[PDB]
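As structure tokens, the structure follows; a few thoughts come after it.
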Amino acid sequence: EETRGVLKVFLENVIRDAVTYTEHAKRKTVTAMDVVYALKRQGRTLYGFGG
DNA sequence: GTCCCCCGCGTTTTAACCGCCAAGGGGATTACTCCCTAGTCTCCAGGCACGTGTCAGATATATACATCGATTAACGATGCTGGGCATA
């Protein structure tokens, strides 16, 4: 139960940013890159995606 | 040394996944023009360093006033003690 709790905490912040990059460009479709940078900002960047 | 909260396991219940097809929002491309920027000149007044200046606090400092602490000179009353005078 706690563990999901934290998942929730991690999940928001990312989307927070995601949303921001989607919106600084005036775009309706949220890019996956958009997620990457987000992860990059917290230092959890994902290889495999979106060079 | 004790107790009860997880794992293993069989069966019961829900919804993830795959396949298929639809439809339109939104992202991607393109063309044109026009505002906004880098680049370039002149100028200084903004900014940097520093001498000069009277005002916050802080520190005594000469001068004066009020209050004792303690000491010393002066005054009231002797106490035996010493130096002599009338009686056994």
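Cβ placement follows ideal geometry from the backbone for every residue including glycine, while neighbour counts extend to all protein chains displayed. Bear in mind these aren't lab numbers, they're just calculated from the coordinates by the rules spelled out.
Tell me, which residue of region A:37-51 that is among the aliphatic types (A, V, I, L, M) and outside any loop (DSSP other than H, G, I, E, B) is farthest from A:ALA18 (Cα to Cα)? Within region A:37-51, the match that is farthest from A:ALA18 (Cα to Cα) is A:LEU39. How do the pairs read when you match residues in region A:6-32 that are within 19 Å of A:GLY50 (Cβ to Cβ) and hydroxyl-bearing (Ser, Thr, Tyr) with residues anywhere that are in a helix (DSSP H, G or I) and within 14 Å of DNA strand B (Cβ to nearest atom), using Cβ under 9 Å and keeping only pairs 6 or more apart or on different chains? Listed by first residue and then by second, the contacts come to A:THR20/A:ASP34; A:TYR21/A:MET33; A:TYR21/A:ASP34; A:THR22/A:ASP34; A:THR29/A:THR22; A:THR31/A:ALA18; A:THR31/A:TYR21; A:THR31/A:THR22.
Residue-level analysis places A:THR45 outside the set of residues that are within 15 Å of DNA strand B (Cβ to nearest atom) and on the phi < 0 side of the Ramachandran plot. Looking across region A:13-36, the residues that are assigned to a helix (DSSP H, G or I) and more than 9 Å from the chain's Cα centre (by Cα) come down to A:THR20, A:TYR21, A:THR22, A:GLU23, A:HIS24. Residues in region A:24-42 that are among the hydroxyl-bearing types (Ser, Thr, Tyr) and either farther than 24 Å from A:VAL9 by Cβ or more than 11 Å from DNA strand B (Cβ to nearest atom) (or both): A:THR29, A:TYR37.
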